[PDB]
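Shown next, in structure tokens, is the structure this report addresses.
There are 2 protein chains.
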Amino acid sequence: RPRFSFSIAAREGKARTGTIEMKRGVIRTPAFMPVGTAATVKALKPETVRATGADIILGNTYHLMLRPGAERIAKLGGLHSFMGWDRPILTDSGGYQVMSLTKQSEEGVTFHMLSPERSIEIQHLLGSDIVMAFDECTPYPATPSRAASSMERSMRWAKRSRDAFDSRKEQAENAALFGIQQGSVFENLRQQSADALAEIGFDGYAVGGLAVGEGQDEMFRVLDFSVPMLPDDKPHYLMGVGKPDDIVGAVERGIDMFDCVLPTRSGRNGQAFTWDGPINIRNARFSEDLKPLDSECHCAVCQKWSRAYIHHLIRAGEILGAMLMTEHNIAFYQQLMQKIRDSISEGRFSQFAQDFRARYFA
Amino acid sequence: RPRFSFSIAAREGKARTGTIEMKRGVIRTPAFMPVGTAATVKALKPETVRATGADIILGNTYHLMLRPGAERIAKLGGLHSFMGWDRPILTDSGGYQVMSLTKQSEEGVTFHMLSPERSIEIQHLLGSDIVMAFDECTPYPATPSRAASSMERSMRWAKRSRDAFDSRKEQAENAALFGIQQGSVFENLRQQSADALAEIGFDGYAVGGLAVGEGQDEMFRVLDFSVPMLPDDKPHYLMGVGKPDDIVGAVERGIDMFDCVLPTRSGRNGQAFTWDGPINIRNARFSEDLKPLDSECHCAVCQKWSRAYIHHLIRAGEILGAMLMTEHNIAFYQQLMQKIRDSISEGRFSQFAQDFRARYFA
Ligand SMILES: Nc1nc2c([C@@H]3N[C@H](CO)C[C@H]3O)c[nH]c2c(=O)[nH]1
Ligand SMILES: Nc1nc2c([C@@H]3N[C@H](CO)C[C@H]3O)c[nH]c2c(=O)[nH]1
Ligand SMILES: [Zn+2]
Ligand SMILES: [Zn+2]
Numbered sequence: 011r012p013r014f015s016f017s018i019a020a021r022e023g024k025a026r027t028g029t030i031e032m033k034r035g036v037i038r039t040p041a042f043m044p045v046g047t048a049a050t051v052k053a054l055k056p057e058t059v060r061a062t063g064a065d066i067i068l069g070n071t072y073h074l075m076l077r078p079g080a081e082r083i084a085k086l087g088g089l090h091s092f093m094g095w096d097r098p099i100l101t102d103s104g105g106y107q108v109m110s111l115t116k117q118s119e120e121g122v123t124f133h134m135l136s137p138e139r140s141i142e143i144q145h146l147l148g149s150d151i152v153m154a155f156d157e158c159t160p161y162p163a164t165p166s167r168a169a170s171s172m173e174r175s176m177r178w179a180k181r182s183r184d185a186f187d188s189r190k191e192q193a194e195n196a197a198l199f200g201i202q203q204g205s206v207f208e209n210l211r212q213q214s215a216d217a218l219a220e221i222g223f224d225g226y227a228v229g230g231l232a233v234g235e236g237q238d239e240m241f242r243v244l245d246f247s248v249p250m251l252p253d254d255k256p257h258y259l260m261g262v263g264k265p266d267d268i269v270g271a272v273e274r275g276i277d278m279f280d281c282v283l284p285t286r287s288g289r290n291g292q293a294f295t296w297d298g299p300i301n302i303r304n305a306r307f308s309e310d311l312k313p314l315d316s317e318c319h320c321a322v323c324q325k326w327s328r329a330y331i332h333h334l335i336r337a338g339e340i341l342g343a344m345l346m347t348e349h350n351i352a353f354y355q356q357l358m359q360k361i362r363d364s365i366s367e368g369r370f371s372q373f374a375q376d377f378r379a380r381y382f383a
Numbered sequence: 011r012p013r014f015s016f017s018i019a020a021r022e023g024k025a026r027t028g029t030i031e032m033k034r035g036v037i038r039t040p041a042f043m044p045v046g047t048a049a050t051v052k053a054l055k056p057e058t059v060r061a062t063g064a065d066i067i068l069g070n071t072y073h074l075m076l077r078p079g080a081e082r083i084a085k086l087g088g089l090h091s092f093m094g095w096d097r098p099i100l101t102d103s104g105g106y107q108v109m110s111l115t116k117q118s119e120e121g122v123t124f133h134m135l136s137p138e139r140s141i142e143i144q145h146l147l148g149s150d151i152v153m154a155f156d157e158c159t160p161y162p163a164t165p166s167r168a169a170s171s172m173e174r175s176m177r178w179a180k181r182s183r184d185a186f187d188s189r190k191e192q193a194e195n196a197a198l199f200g201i202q203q204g205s206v207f208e209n210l211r212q213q214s215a216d217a218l219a220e221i222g223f224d225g226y227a228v229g230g231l232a233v234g235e236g237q238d239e240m241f242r243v244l245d246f247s248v249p250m251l252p253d254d255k256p257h258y259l260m261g262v263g264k265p266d267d268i269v270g271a272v273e274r275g276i277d278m279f280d281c282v283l284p285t286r287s288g289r290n291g292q293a294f295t296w297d298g299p300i301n302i303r304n305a306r307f308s309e310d311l312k313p314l315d316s317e318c319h320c321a322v323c324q325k326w327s328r329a330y331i332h333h334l335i336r337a338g339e340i341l342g343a344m345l346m347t348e349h350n351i352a353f354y355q356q357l358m359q360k361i362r363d364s365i366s367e368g369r370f371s372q373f374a375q376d377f378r379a380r381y382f383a
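Here the protein sequences line up with chains A and A', keeping their order. A prime marks a further copy of an entry chain. Counted the way the entry's author numbering counts, the first sequence spans residues 11 to 111, 115 to 124, 133 to 383. Counted the way the entry's author numbering counts, the second sequence spans residues 11 to 111, 115 to 124, 133 to 383.
Here it is as structure tokens:
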């Protein structure tokens, strides 16, 4: 079992499909990572997360470093053992969220003090498989001079992340490290950032600082020039994205990995994803609808329960409502990724994207 | 498959163990019925309820008759289809809860008007397997004259329940009807009530009007003379009871069936049942405890996750916390019932009760 091996099996335009082999399992790409806020993917057992097709989850670090604490989780055997997920876990670096949810210096972020060295050690203690570099959160909007300052600090922090990771033998031998490109919406800064990260060298490269309110057109415009700046032979990870159409468009532009809270969070709020677009199951029109949430979905929820029942559960505030909506939405996201992988493999992803959009927005 | 066949396989003192065969499945007795408030056993899929060992669940009618409504549930295919539980369901009659949570007349309860005929029709529409007679809620405490009035109205309502049930062919042929003994804490009224119910004739007999604040000593004193008043050859159902020690003591006094919200409700509130007594998992003493909730429990929760993890989930307000606590508590209740059945079968229930109490209250 390799530490980290990315292999591209097929291409179509800028889109790629393939695999990342790691010690704890294989990740099929393009990949969607369910988000686990506080050592749980909300309302799902890990076996259910796996049953939906997920190969890897994202563990939020910002929450866990406070309570229970990274040292405590390590004492209890690590995050995998703690939460009962034995496959790869990507951990975010914590500083971004802290600033997003503070006082910044060259040393790190104060809120307690979080430094790039401390971030890597926390992720080490959690037993992370994919470690993110410690980066800074750029405000949006931001002046070129302001985005440049943040990006450059992030690049210096990326070097320190690299060194801290490399100094930890167990981590360097068993885990992978991703750098995070910054530079807001500006092409020249995205280039300098890419250049800096490539000079350092990482196992994978994330596009950070997007989905911060710029809108899809702008996000896509930024991806258009930003993704080709990254090393072609390494995975490309778009952080915090997104809606199904965001994902399809991002894959068309060379992205291999995704995470976002939308399927879980909007699931609990009554929004279900379908191939004909999102529906809100609380709507009165579903009160006697015996069809499943989606007519084609292969998930366990759509095999057994009706829209009418789930409508009732969510309106009654029942936990099982949240459970069923969440399992379906995560499964829908995984079936989307599977359709993306198959269509790229088969050289018909362009047609899939067109067919998908025509029906989803009909 | 029989409509309703109760067979006693073994006795020990007043305790009995055996089976109720019904069209939708076999019920092992003594039986515990998880409570499903609004067409869900809170935080559990039906498959998980079954996995814990439950043979039958209780469906609360008071909630369902309002929303979604009994007619609507019938239009959608019945309660079994609606919620995805294909085994027996006992439905309560609704009037008791309405008064407990009103204006009473000979016709029924106004809050809308709920009559014994309407109650049976509602339970018919839900597709109930065990239909409860429509009874009145006696206040506690209550004067002999006051408990007598309520009990007598309940007995007249029991006759009307019987007639409404018998007039519905599909119901009479496929379902069972239980009468409910009332009479508060008074022996002579319990006798008159038993006599009245026996004169009418039912498939099973419930002891109603207990666990209303009288305390365990008094409840047991009432059961002491009340249960022998019921037909020996029919099941005895103690409604709304209870804590594990309540159950053991009630079986010692001839009870065959139980329901209560304690394992589900107190599960969500952080209380876990163990053979060494209840624990509150939120307590700081569990924060680094790697043991399962209970050292012997065979449930899926205790096979995989630690006290420390569940402590974290409940303190974080995570849905998975409620899910895991609830599955364990329901499983614990079922393992309790299994131990009760086996020990009666083997003629060592007296010793089991003593051993159970010595350890549970140690
Ligand atoms: N380190 C870091 N993390 C993120 C994220 C992560 N994505 C999660 C889902 O939006 C939230 C946060 O954990 C979005 N953008 C960034 C980003 O630019 N940097
Ligand atoms: N019809 C009826 N129902 C009950 C109950 C039921 N038991 C549930 C759990 O306490 C609540 C309610 O549905 C308790 N006591 C009685 C009772 O005496 N009568
Ligand atoms: Zn589905
Ligand atoms: Zn257990």
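Don't be surprised by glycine CBs; every beta carbon is placed ideally from N, CA and C.
Here the distance from the Cβ of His349/A to the nearest heavy atom of ligand 3 is below 7 Å.
DSSP links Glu22/A' through a beta bridge to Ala25/A'.
Taking 8 Å as the CB threshold, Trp326/A lines the interface with chain A'. Around the C-beta of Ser15/A', fewer than 16 other C-beta atoms lie within 10 Å, and the residue is accordingly described as exposed.
Within the same chain, and ignoring the five residues on either side of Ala352/A' in sequence, the residues whose Cβ sits closer than 6 Å to its Cβ are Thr62, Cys320. At least one CB of chain A lies nearer than 8 Å to the CB of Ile340/A'. Taking 3 residues as the shortest admissible run, the stretch 23-103 of chain A contains the following complete beta strand (DSSP E) segments, listed from N- to C-terminal end: 25-32, 35-39, 41-43, 67-69, 99-101. The beta carbon of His333/A sits closer than 8 Å to some beta carbon of chain A'. In this structure, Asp310/A has its beta carbon at no less than 7 Å from each heavy atom of ligand 3. At a cut-off of 8 Å between C-beta atoms, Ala329/A' counts as an interface residue with respect to chain A. For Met134/A', DSSP records a beta bridge to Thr123/A'. The contact set of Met93/A on chain A', defined by CB atoms closer than 7 Å, consists of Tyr330 in chain order.
Ranked by Cα distance from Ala215/A, the options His257/A, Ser371/A, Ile335/A are led by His257/A. At a C-beta separation below 7 Å, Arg82/A' has these neighbours in chain A: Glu309. Residues of chain A' with a Cβ closer than 7 Å to the Cβ of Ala305/A do not exist, since the nearest Cβ in that chain sits about 12 Å away. Our two residues, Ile276/A and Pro40/A, have alpha carbons roughly 7 Å apart in a direct line.
Approximately 5 Å separates the beta-carbon atoms of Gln192/A' and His145/A'; this is inside 8 Å, confirming the contact. Think of a sphere of 7 Å around the beta carbon of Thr50/A: the chain A' residues whose beta carbon falls inside it are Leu334, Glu339, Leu341, in chain order.
For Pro78/A, the nearest beta carbon of chain A' is closer than 8 Å to its own beta carbon. Taking non-hydrogen atoms of ligand 1 into account, the C-beta of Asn70/A' is found less than 7 Å away from none of them. Taking 7 Å as the cut-off, one finds no heavy atom of ligand 3 near enough to the beta carbon of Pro78/A. At a C-beta separation below 7 Å, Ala53/A' has these neighbours in chain A: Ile340, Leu341. Along the stretch 156-241 of chain A', the beta strand (DSSP E) occurs as fully enclosed runs of 3 or more residues at 197-202, 225-228, listed in sequence order.
Two segments are said to touch when three or more pairs of C-beta atoms, one from each, lie closer than 8 Å; by this definition the stretch 321-335 of chain A does not touch the stretch 253-271 of chain A. Per DSSP, reduced to three states, the secondary structure at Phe294/A' is coil, with no helix or strand assignment.
Each of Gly225/A, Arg139/A, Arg189/A, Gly234/A was checked against the Cα of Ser205/A, and the nearest Cα belongs to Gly234/A. Under the 10 Å beta carbon count, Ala179/A' is surrounded by 16 or more other beta carbons and is classified as buried.
Put simply, the backbone Cα of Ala53/A is about 49 Å away from that of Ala217/A'. If you check the C-beta of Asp315/A' against ligand 4, you find a heavy atom less than 7 Å away. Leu135/A and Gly104/A do touch by the CB rule: their CB atoms are close to 6 Å apart, below 8 Å.
In terms of Cα proximity to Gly23/A, the closest of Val248/A, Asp266/A, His333/A, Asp280/A is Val248/A. For the C-beta of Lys264/A', not a single chain A residue is nearer than 7 Å; the gap to the nearest is close to 23 Å.
For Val206/A, the Cβ stays outside the 7 Å cut-off from all heavy atoms of ligand 1.
Residues lining ligand 2 by the Cβ criterion, that is a Cβ closer than 6 Å to any of its heavy atoms, are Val45/A', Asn70/A', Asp102/A', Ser103/A', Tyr106/A', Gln107/A', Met153/A', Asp156/A', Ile201/A', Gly229/A', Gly230/A', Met260/A', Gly261/A', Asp280/A', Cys281/A', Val282/A' in chain order.
Interface annotation, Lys85/A': in contact with chain A, CB-CB separation under 8 Å. Here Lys255/A' is buried, its C-beta having at least 16 other C-beta atoms within 10 Å.
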